[PDB]
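All remarks here apply to the structure that follows.
These numbers come from the heavy atoms of this one structure, side chains and all, not from hydrogens, waters or symmetry mates. The sequence lines fix the lettering, A, B, ..., with proteins before strands; numbering per chain opens at 1.
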Amino acid sequence: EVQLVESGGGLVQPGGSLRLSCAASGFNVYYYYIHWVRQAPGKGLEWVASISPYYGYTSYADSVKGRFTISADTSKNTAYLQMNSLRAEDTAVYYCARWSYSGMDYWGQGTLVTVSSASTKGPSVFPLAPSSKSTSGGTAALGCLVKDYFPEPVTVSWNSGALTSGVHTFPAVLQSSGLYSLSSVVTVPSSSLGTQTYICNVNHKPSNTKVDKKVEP
Amino acid sequence: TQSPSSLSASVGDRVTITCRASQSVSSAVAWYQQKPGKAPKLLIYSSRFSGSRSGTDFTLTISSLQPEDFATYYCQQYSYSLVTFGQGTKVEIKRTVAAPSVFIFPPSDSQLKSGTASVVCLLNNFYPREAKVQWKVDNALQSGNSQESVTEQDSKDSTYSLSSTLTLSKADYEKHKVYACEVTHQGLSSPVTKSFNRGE
Ligand SMILES: [Zn+2]
């Protein structure tokens, strides 16, 4: 019944500050090493900070210098990561984990931290229409272009979740503009183009944006 | 801090991962297994997973690879005043060569009316992952005005899919006629080119 739940992740301008939280359950942080580990999109794991049991000594990666501060509240049973002077390269999913005497055997679900000068924006949704050249020998490809949103993440479903087979929702790409964009595609039988309706359901929580888009030939 | 190295393997294969160490000698190790979209998992080894130290390098061995073992593995080393994660090895499923099916999508009229233009090229269900997409605008080879991303290995047929997006201003899009993406891949004896003429 051991669980770690994280919070506090979000968007900040470079040079700004953010406090992450890691709420523990089924154990108290007083008796264990607690670690913070982050992961940039597409990259490997990077250890960030740790705090010792009983006495609360700390340790930091060289990359987070005297910018980050790790601490724990044993009464509230929560560990924290105070992040100051944030830079763009600090953008990552941050995980908190419990050490057991050995390794980190329990992990949080992770929280996304985005550092950028760009401002929050809902996406524009454009159809990737099927045609005589999006088809071949029976199957046609169609999709939705989810363009110019910030920050991550965007979620996409098809026909309110009923259509999952043949669905490819690609990783978002960070455009030079500073805004993100992703495509979601699906391959369907060409004969269904006249009958079946195909709707991509786009959700962008950071802007409370919900957009449907019916994709037609 | 860098992209994970890729390793192609099959069920039943033996896999040995070497942890690239530093000023170790007095160093300890922990191994982790991560799958897309999820937090890493601590690996308990000794029984399919075993480990040992050969010199300063820690090793993790998978005796007989199972389909649930296909993942990205990391080693964690910790010593006096030092904690670091190694690069990461992504063990992916090896399968027969599969050529991509290629689709090209002009900018929607909706996007054009909105003052912009995105051309999308789709590469569907191919293996291996390695694929090169080349954009051509009026037979001029493009570079620096397109971005691509690739899905993880498909849970259905162990293939990959890729989408390449050519971004142009509306005005620049409308002064060119022929748009093409040229696809190069293992499964293609000759490069496949999908194209369209603007406004057909
Ligand atoms: Zn698929």
Side-chain angles (χ1 to χ4, degrees), chain A residues 4 35 37 39-40 42-47 49-50 59-61 63 93 95 97 99-100 102-110 124-131 133-136 139-143 145 147-148 165-166 168-177 181-185 187 213, chain B residues 1-5 28-32 34 38-44 72 74 76 78 81-90 101-112 114 116 118 120 122 124-125 144-145 147-152 154 156 160-163 165 167 194-196:
Chain A
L4 294 83
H35 295 252
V37 181
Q39 188 169 36
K43 302 298 185 178
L45 302 170
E46 182 188 15
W47 179 81
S50 182
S59 188
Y60 301 98
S63 57
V93 173
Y95 299 96
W99 183 276
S100 294
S102 303
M104 309 178 193
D105 60 339
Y106 290 98
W107 292 68
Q109 83 285 357
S124 300
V125 186
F126 305 106
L128 297 169
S131 175
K133 305 214 285 83
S134 184
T135 185
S136 294
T139 54
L142 61 99
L145 177 63
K147 188 178 170 58
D148 294 338
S165 291
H168 303 302
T169 299
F170 298 92
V173 65
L174 184 60
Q175 297 162 121
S176 56
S177 63
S181 176
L182 63 76
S183 293
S184 175
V185 302
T187 48
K213 167 58 63 59
Chain B
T1 59
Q2 56 178 326
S3 298
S5 55
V29 78
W31 292 89
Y32 300 90
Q34 189 181 29
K38 310 299 173 298
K41 281 175 166 292
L42 175 65
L43 282 180
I44 41 186
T72 303
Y74 300 90
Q76 174 206 350
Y78 55 103
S81 176
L82 185 66
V83 181
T84 38
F85 282 89
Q87 174 179 11
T89 297
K90 185 172 185 176
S101 52
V102 191
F103 312 92
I104 188 168
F105 300 91
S108 65
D109 288 336
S110 187
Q111 187 186 12
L112 293 177
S114 299
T116 56
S118 296
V120 174
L122 171 62
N124 181 77
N125 283 237
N145 60 2
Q147 295 184 290
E148 63 182 31
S149 64
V150 182
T151 56
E152 294 295 297
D154 201 331
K156 185 189 183 305
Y160 300 90
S161 290
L162 181 152
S163 69
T165 301
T167 299
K194 296 295 181 178
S195 65
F196 67 90

Work out which heavy atom in [X] is nearest to a heavy atom in [Y]; give both atom names and the distance.
X      : Y      : value
B/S163 : A/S183 : OG-CB, 4.5 Å
A/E46  : B/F85  : C-CD1, 4.4 Å
A/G108 : B/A39  : O-CB, 3.5 Å
B/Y74  : A/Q39  : OH-NE2, 3.4 Å
A/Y95  : B/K38  : OH-O, 3.9 Å

Please lay out, stage by stage, how A/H168 and B/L122 fare under the test side-chain contact (heavy atoms from CB on, under 4.5 Å).
CA-CA 10 Å; A/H168 303 302; B/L122 171 62; 5.8 Å; no
Using heavy-atom distances under 4.5 Å, tell me whether [X] contacts chain B through its side chain, its backbone, both, or neither.
X      : result
A/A40  : neither
A/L145 : side chain
A/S134 : both
A/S124 : neither
A/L174 : backbone
A/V93  : neither

Leading residue by heavy atom contact count with chain B [cutoff under 4.5 Å; candidates [options]]:
options                : answer
A/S131, A/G103, A/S100 : A/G103
A/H35, A/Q109, A/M104  : A/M104
A/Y106, A/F170, A/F126 : A/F170

Heavy-atom pairs under 4.5 Å with chain A are the metric here; pick the option from [options] that has the most.
options                     : answer
B/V150, B/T116, B/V102      : B/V150
B/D109, B/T167, B/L162      : B/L162
B/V83, B/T72, B/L43, B/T151 : B/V83

For [X], which atoms come within 4.5 Å of any heavy atom of chain A: side chain, backbone, both, or neither?
X      : result
B/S114 : side chain
B/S195 : backbone
B/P40  : both
B/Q87  : backbone

Go through the steps to decide whether A/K133 and B/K194 satisfy the test side-chain contact (heavy atoms from CB on, under 4.5 Å), and finish with yes or no.
CA-CA 9 Å; A/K133 305 214 285 83; B/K194 296 295 181 178; 5.9 Å; no
Are [X] and [Y] close enough that some pair of their side-chain heavy atoms sits under 4.5 Å apart?
X      : Y      : value
A/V173 : B/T165 : no
B/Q34  : A/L45  : yes
B/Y32  : A/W107 : yes

Nearest 0.5 Å, please: how far is OG in B/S110 from NZ in A/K213?
5.0 Å
